[PDB]
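Heads up, the chain shows up twice below as structure tokens, two forms, tagged structure 1 and structure 2.
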Structure 1
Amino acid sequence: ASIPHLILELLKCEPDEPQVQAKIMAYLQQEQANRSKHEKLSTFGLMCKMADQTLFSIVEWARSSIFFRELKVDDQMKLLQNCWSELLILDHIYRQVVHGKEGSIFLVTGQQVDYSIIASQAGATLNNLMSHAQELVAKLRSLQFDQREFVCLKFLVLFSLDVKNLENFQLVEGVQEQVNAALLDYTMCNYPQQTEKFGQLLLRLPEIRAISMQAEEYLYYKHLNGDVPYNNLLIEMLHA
């Protein structure tokens, strides 16, 4: 376990997985129980609530890093609005790579859900996106995707170089290249069998980005049709 010091500092910002799982599941089915039998939530509304809680967790993880904390709130906002759906999709993909079997989806609540039971309730776009996500899960598991690479990918997504109109763009540039060097060293060291594993890891970022943009546009158009509940962080995210 030869881990660079930067990767350890980045791992130090990882939230407690079982704690957040219990919090999210309790909040979710309690908000359920706070209605009676036929004023209950849709499955789509359940997933919206799950994504909202996961976005809260993403925000509290992002403000857990000094790199992000030392930026002015405007640049923090710009970063998060550029990268929030990408962080969501990447977190789901990593959860599938770790806890997932096959034939089922593992949720942020800690639930193993039958894959066909979910796929039969989703439309064509959501089914295609979930299929592409499972594809990337399989391709990453064939590469032995671990936690440190996942952390560095999170920090690379949070500090994208495509964000314009920033005050401290140089900070984002420096953090980007620091994480690049650290992750490159780590994976080329602890995984010498697959020379190309670093390029293979970096190649999948545009795919998660495109899936993120498609899902974000679908959710925006759906909430403009009223299918997403309110009093939300996801709403304010789409309302931008």
Structure 2
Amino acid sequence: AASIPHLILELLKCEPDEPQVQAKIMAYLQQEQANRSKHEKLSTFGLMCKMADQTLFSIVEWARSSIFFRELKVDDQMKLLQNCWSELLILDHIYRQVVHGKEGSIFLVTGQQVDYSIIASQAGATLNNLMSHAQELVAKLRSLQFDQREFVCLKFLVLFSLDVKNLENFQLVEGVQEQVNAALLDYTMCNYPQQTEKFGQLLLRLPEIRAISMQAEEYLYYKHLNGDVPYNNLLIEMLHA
């Protein structure tokens, strides 16, 4: 029998409604294109930028209503989100591939499968290299039997980082860090006992997520410099902050 720590139950209760988010972003992009005439239609890159934008909107709404995070004053909330916004987007994408992804394609938040082949044919070297290490990370997580309880734990570990300067209530953040780490450790030890170091193996994925996240930020920033990013984009505001 599986055992799930009470804390992780609380974390799961704060999870977004995936079908609702999917339908919402799907409808948003379809309406966006509908409002544009033929020569105004967004390119693939433009669409994906607005898609990532809407995902980030959803992530901010998730955090705002979530346990522990809603306890902080807005100034601490901003600082935490300013630190980890791209990490959460990458983590969200990666886990989506672990669960909903077929190894030959990319599963988008809007629900479509985009073949990796299309990316290899239409994207430059930077994006392909970026996708390649995402693929490796997804493959690694699959081999570890990465599941939803561990995902929601890592999500909170990413959000409540202690590497954030100028934090007002840093010991609350430290408290969440310790509680979630402890719960994750107990969960892995109880439910995956033949993987004696699964906890450590999961933690080691965090610097890999952060490295991908930094490269992704840099890729997007330079795409913006060439004028390829569609106008106004919470992504871009997060970058310019």
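Basically, rigid core = biggest C-alpha set you can superpose within 1.5 Å across the two forms. For numbering, take structure 1's sequence and count from 1.
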Taking the rigid core as the reference frame, is the Cα of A22 displaced by 2 Å or more between the two structures? no
Tell me, please, whether between the two structures the C-alpha of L11 is shifted by 2 Å or more, with the rigid core used for superposition. no
Can you give the CA shift of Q112 between the two structures, in Å, with the two forms fit on their core? 1.0
Rigid-core-fitted C-alpha displacement of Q147 between the two structures (angstrom): 0.4
Once the two forms are fitted on their core, CA shift of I66 between the two structures in Å: 3.1
